[PDB]
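Below is one structure; the comments refer to it alone.
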Amino acid sequence: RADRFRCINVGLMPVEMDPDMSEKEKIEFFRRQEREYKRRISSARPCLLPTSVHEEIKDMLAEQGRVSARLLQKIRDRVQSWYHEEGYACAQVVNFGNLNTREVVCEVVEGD
Amino acid sequence: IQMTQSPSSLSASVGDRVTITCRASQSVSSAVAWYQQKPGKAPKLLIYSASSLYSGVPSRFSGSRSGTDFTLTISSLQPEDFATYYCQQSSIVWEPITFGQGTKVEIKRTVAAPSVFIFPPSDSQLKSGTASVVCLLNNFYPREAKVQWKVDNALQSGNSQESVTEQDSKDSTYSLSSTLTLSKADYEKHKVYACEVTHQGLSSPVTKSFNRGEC
Amino acid sequence: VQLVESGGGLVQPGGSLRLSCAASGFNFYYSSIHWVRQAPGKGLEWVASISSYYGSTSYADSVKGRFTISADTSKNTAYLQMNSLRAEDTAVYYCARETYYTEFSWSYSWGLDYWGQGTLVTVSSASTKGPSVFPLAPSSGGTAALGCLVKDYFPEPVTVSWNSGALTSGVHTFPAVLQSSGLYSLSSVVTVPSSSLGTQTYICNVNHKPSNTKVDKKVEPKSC
């Protein structure tokens, strides 16, 4: 499910759904979300997260070969742990996205 | 995570306001759906996102959320609304879905006495198909009713099975069958077979009977 | 938009069975397919789900390891392979569609909006038996009751109609009951005007597919 991992710093960053969306409108909502997440990745900056921690996350993904809420929680804990141990006290993993693709994207606000 | 519905069952009359609650247990959520299921039929989606009415569902159904407590409200209870209603949670990252235990909604209506019929074992059945005697209580309310089998005025216990239809979609009444089962030998060692019925709508219990052989 | 379950039937304990769910009318790559079961006299139990959009599968703990959910996206079909079946797995299995979006922080579901008609899975070492149909003749105001008794069949279900479905008003088909013999029995009755007893023909049509039994029984008053 998850062969790739990306971490992006997105400081600025939830959708109030339309009430009686048709089938075509649901499809267009999914397409809109994909396109906007592409733009969000493109305009965001790479994380300070060093290569070794990236390899640790890659190993966590390769061990299960399938993403789940518990795995995303463990990845969040690892990333936040590195950030807080490095001196970025208000660093926070705010989301994971692009879950429909082979590449899990981790969103962090670094602060400090 | 658990979904705890309340009450387990309830009874209300046509036109009443019915409320069913459902608490998400051991986690917050936001995606709660409500479903209506008739017995032995596929459930029908009533509400999604805890407030959104699904396509075609009458507007007397409504939903609301207060933290981890979700409420399904039926405003003007109609006779066709008898059903088991379920809440259901859909959490993040395709986590397992959970259904509530369900709330059974029955329609309360005015008392109606059953019409009683008795059916002897078929004259085309007695060849090795033994003896089945059927007592029918038709279109009554409430569901509670006592059916006693007397064979030669002897109360026979342990050899009858009851079965009740679901509440009628128009008049909210029930129908009930009682089946007395006897071997071919035991049936012919007795003459009078009677079904006695006690029910709230009957001022006195009503007996229906036949005599074996005398058609 | 329609979902059709197939593949249910009678299987011995520890056996295996593959159910299929053909879902036509939407874009399979954007909706999840769920299997939800209902045991006799019990509530709905979610069994498993597969999302083609997120490429994921999920299972309830009660079936993890025994059941495998899968999908043939080209055929628009989902599958539930059930291994090591137990008596407690006896149930009606439905498949349902759910449009579902998720991130880590939030998600959105449009509910299980489309459901199949369901297929019965019976897990028992008991063997199949066909049903015996007996008349419940009208005997001896202005309304008479008559019916059919369907006895000694296994497994469920049987279906009963009157006059090949032309007669529906006043019909009551009772739920099957489990006799001590291990087999099922039920009755179907109808009330008709008394005068019609000599002018109208009444036939009950019973169908038990598991044993491939199809019976048409005319019910007349007994001429003493």
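Just so we're on the same page: first chain in the structure tokens is A, next is B, and so on; residues restart at 1 for each chain, and ligands are numbered from 1 in the order they show up.
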For chain A versus chain C, which residues have an atom no more than 12 Å away, and what is each residue's nearest atom pair and distance in Å rounded to one decimal, using only C-alpha atoms, chain-then-number order, as a Markdown table?
```
| residue | atom | partner | partner_atom | distance |
| --- | --- | --- | --- | --- |
| A:1 | CA | C:55 | CA | 6.7 |
| A:2 | CA | C:55 | CA | 9.9 |
| A:14 | CA | C:106 | CA | 7.3 |
| A:15 | CA | C:108 | CA | 9.4 |
| A:16 | CA | C:108 | CA | 10.2 |
| A:17 | CA | C:108 | CA | 8.8 |
| A:18 | CA | C:110 | CA | 11.3 |
| A:19 | CA | C:110 | CA | 10.3 |
| A:20 | CA | C:110 | CA | 10.1 |
| A:21 | CA | C:110 | CA | 9.6 |
| A:22 | CA | C:110 | CA | 11.0 |
| A:23 | CA | C:26 | CA | 8.1 |
| A:24 | CA | C:26 | CA | 9.7 |
| A:25 | CA | C:99 | CA | 11.8 |
| A:26 | CA | C:99 | CA | 8.2 |
| A:27 | CA | C:30 | CA | 7.4 |
| A:28 | CA | C:30 | CA | 10.8 |
| A:29 | CA | C:101 | CA | 9.7 |
| A:30 | CA | C:101 | CA | 7.8 |
| A:31 | CA | C:30 | CA | 10.2 |
| A:33 | CA | C:101 | CA | 9.7 |
| A:34 | CA | C:101 | CA | 11.1 |
| A:37 | CA | C:103 | CA | 11.1 |
| A:65 | CA | C:56 | CA | 10.9 |
| A:66 | CA | C:56 | CA | 7.7 |
| A:67 | CA | C:56 | CA | 8.1 |
| A:68 | CA | C:56 | CA | 8.8 |
| A:69 | CA | C:104 | CA | 7.6 |
| A:70 | CA | C:104 | CA | 10.7 |
| A:71 | CA | C:104 | CA | 11.0 |
| A:72 | CA | C:104 | CA | 7.7 |
| A:73 | CA | C:104 | CA | 9.1 |
| A:75 | CA | C:104 | CA | 11.6 |
| A:76 | CA | C:104 | CA | 10.3 |
| A:93 | CA | C:105 | CA | 10.1 |
| A:94 | CA | C:105 | CA | 7.4 |
| A:95 | CA | C:104 | CA | 5.4 |
| A:96 | CA | C:104 | CA | 5.0 |
| A:97 | CA | C:103 | CA | 5.3 |
| A:98 | CA | C:103 | CA | 7.6 |
| A:99 | CA | C:54 | CA | 6.3 |
| A:100 | CA | C:54 | CA | 4.3 |
| A:101 | CA | C:54 | CA | 7.2 |
| A:102 | CA | C:55 | CA | 9.2 |
| A:103 | CA | C:54 | CA | 11.3 |
| A:104 | CA | C:103 | CA | 10.3 |
| A:105 | CA | C:103 | CA | 10.2 |
| A:106 | CA | C:104 | CA | 9.4 |
| A:107 | CA | C:104 | CA | 10.1 |
```
#### Entry: Residue set, segment 30-198 of chain C restricted to strand (DSSP E), as a VMD selection string
chain C and resid 31 to 38 44 to 51 56 to 59 67 to 72 77 to 82 91 to 102 107 to 115 119 to 123 132 to 136 143 to 153 159 to 162 171 to 173 177 to 178 184 to 193
### Task
Would you kindly return, as a ChimeraX atom specification, each protein, DNA or RNA residue with an atom no farther than 6 Å from any atom of segment 1-10 of chain C, considering only C-alpha atoms and excluding same-chain residues fewer than 4 positions away?
/C:19-25,116,118-123
Check: which chain B residues lie within 9 Å of chain A using only C-alpha atoms, as a short mmCIF file (atom, residue, chain, number, x, y, z; two decimals) with C-alpha atoms, in the first residue's frame:
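Generated file (result_17.cif):
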```cif
data_model
loop_
_atom_site.label_atom_id
_atom_site.label_comp_id
_atom_site.auth_asym_id
_atom_site.auth_seq_id
_atom_site.Cartn_x
_atom_site.Cartn_y
_atom_site.Cartn_z
CA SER B 52 -28.08 14.75 6.48
CA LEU B 53 -31.30 13.26 5.14
CA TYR B 54 -30.69 10.56 2.56
CA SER B 55 -32.34 10.70 -0.87
CA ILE B 92 -10.78 7.64 9.92
CA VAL B 93 -8.30 5.66 7.80
CA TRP B 94 -10.82 2.91 6.93
CA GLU B 95 -10.96 1.76 10.55
#
```
Write out as JSON lines a residue-level contact list of chain B versus chain C with cut-off 8 Å: for each qualifying residue the closest pair of atoms and the distance in Å to one decimal, counting only C-alpha atoms, rows sorted by chain and residue number upward.
```
{"residue": "B:31", "atom": "CA", "partner": "C:109", "partner_atom": "CA", "distance": 6.2}
{"residue": "B:33", "atom": "CA", "partner": "C:111", "partner_atom": "CA", "distance": 5.9}
{"residue": "B:41", "atom": "CA", "partner": "C:117", "partner_atom": "CA", "distance": 7.1}
{"residue": "B:42", "atom": "CA", "partner": "C:117", "partner_atom": "CA", "distance": 5.9}
{"residue": "B:43", "atom": "CA", "partner": "C:115", "partner_atom": "CA", "distance": 7.3}
{"residue": "B:44", "atom": "CA", "partner": "C:113", "partner_atom": "CA", "distance": 7.2}
{"residue": "B:45", "atom": "CA", "partner": "C:113", "partner_atom": "CA", "distance": 5.5}
{"residue": "B:47", "atom": "CA", "partner": "C:111", "partner_atom": "CA", "distance": 7.7}
{"residue": "B:48", "atom": "CA", "partner": "C:111", "partner_atom": "CA", "distance": 5.4}
{"residue": "B:49", "atom": "CA", "partner": "C:109", "partner_atom": "CA", "distance": 6.8}
{"residue": "B:90", "atom": "CA", "partner": "C:109", "partner_atom": "CA", "distance": 6.8}
{"residue": "B:91", "atom": "CA", "partner": "C:107", "partner_atom": "CA", "distance": 6.9}
{"residue": "B:92", "atom": "CA", "partner": "C:107", "partner_atom": "CA", "distance": 5.4}
{"residue": "B:93", "atom": "CA", "partner": "C:102", "partner_atom": "CA", "distance": 5.8}
{"residue": "B:94", "atom": "CA", "partner": "C:58", "partner_atom": "CA", "distance": 7.0}
{"residue": "B:95", "atom": "CA", "partner": "C:58", "partner_atom": "CA", "distance": 6.9}
{"residue": "B:96", "atom": "CA", "partner": "C:58", "partner_atom": "CA", "distance": 6.1}
{"residue": "B:97", "atom": "CA", "partner": "C:46", "partner_atom": "CA", "distance": 6.5}
{"residue": "B:98", "atom": "CA", "partner": "C:46", "partner_atom": "CA", "distance": 6.4}
{"residue": "B:99", "atom": "CA", "partner": "C:45", "partner_atom": "CA", "distance": 6.6}
{"residue": "B:101", "atom": "CA", "partner": "C:43", "partner_atom": "CA", "distance": 5.9}
{"residue": "B:102", "atom": "CA", "partner": "C:43", "partner_atom": "CA", "distance": 6.5}
{"residue": "B:117", "atom": "CA", "partner": "C:145", "partner_atom": "CA", "distance": 7.1}
{"residue": "B:119", "atom": "CA", "partner": "C:136", "partner_atom": "CA", "distance": 5.9}
{"residue": "B:120", "atom": "CA", "partner": "C:136", "partner_atom": "CA", "distance": 7.6}
{"residue": "B:121", "atom": "CA", "partner": "C:136", "partner_atom": "CA", "distance": 7.8}
{"residue": "B:122", "atom": "CA", "partner": "C:135", "partner_atom": "CA", "distance": 6.0}
{"residue": "B:124", "atom": "CA", "partner": "C:134", "partner_atom": "CA", "distance": 7.3}
{"residue": "B:125", "atom": "CA", "partner": "C:134", "partner_atom": "CA", "distance": 6.4}
{"residue": "B:161", "atom": "CA", "partner": "C:177", "partner_atom": "CA", "distance": 7.5}
{"residue": "B:162", "atom": "CA", "partner": "C:177", "partner_atom": "CA", "distance": 7.9}
{"residue": "B:163", "atom": "CA", "partner": "C:175", "partner_atom": "CA", "distance": 6.3}
{"residue": "B:164", "atom": "CA", "partner": "C:174", "partner_atom": "CA", "distance": 6.2}
{"residue": "B:165", "atom": "CA", "partner": "C:174", "partner_atom": "CA", "distance": 5.3}
{"residue": "B:175", "atom": "CA", "partner": "C:172", "partner_atom": "CA", "distance": 7.4}
{"residue": "B:176", "atom": "CA", "partner": "C:174", "partner_atom": "CA", "distance": 7.7}
{"residue": "B:177", "atom": "CA", "partner": "C:174", "partner_atom": "CA", "distance": 7.5}
{"residue": "B:215", "atom": "CA", "partner": "C:224", "partner_atom": "CA", "distance": 5.3}
```
### Task
Give me the residues within 12 Å of residue 165 of chain C as a list in words, counting only C-alpha atoms and dropping any in the same chain fewer than 5 places off.
residues 159, 160, 171, 202, 203, 204, 205 and 206 of chain C
Residues near segment 51-60 of chain A, anyone? I mean within 7 Å using only C-alpha atoms, not counting same-chain ones fewer than 2 positions away, as an mmCIF file with N, CA and C atoms, in the first residue's frame.
```
data_model
loop_
_atom_site.group_PDB
_atom_site.id
_atom_site.type_symbol
_atom_site.label_atom_id
_atom_site.label_comp_id
_atom_site.auth_asym_id
_atom_site.auth_seq_id
_atom_site.Cartn_x
_atom_site.Cartn_y
_atom_site.Cartn_z
ATOM 1 N N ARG A 4 6.255 4.581 -0.352
ATOM 2 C CA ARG A 4 6.940 5.862 -0.332
ATOM 3 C C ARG A 4 6.423 6.698 0.832
ATOM 4 N N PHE A 5 7.270 7.620 1.282
ATOM 5 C CA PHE A 5 6.935 8.519 2.377
ATOM 6 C C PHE A 5 7.504 9.902 2.103
ATOM 7 N N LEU A 49 13.294 16.847 8.776
ATOM 8 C CA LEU A 49 13.484 15.455 9.141
ATOM 9 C C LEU A 49 14.655 14.868 8.358
ATOM 10 N N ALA A 62 7.529 -0.593 5.270
ATOM 11 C CA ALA A 62 7.846 -1.858 4.618
ATOM 12 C C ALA A 62 7.555 -3.055 5.513
ATOM 13 N N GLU A 63 7.575 -2.874 6.834
ATOM 14 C CA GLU A 63 7.353 -4.010 7.722
ATOM 15 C C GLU A 63 5.926 -4.531 7.610
ATOM 16 N N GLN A 64 4.943 -3.636 7.656
ATOM 17 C CA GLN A 64 3.549 -4.040 7.518
ATOM 18 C C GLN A 64 3.083 -4.109 6.070
ATOM 19 N N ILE A 75 4.076 6.594 13.184
ATOM 20 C CA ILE A 75 4.889 7.494 12.369
ATOM 21 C C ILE A 75 4.824 8.916 12.914
#
```
### Query
If we count only C-alpha atoms, what is near segment 73-83 of chain B at a cut-off of 12 Å, once residues fewer than 5 positions away on the same chain are taken out, given as number ranges by chain?
B: 9-22, 34-44, 46-47, 50-51, 53, 57-65, 102-109, 166-173
### Point-to-point distance from atom CA of residue 40 of chain A to atom CA of residue 109 of chain A, Å rounded to tenths
13.7 Å
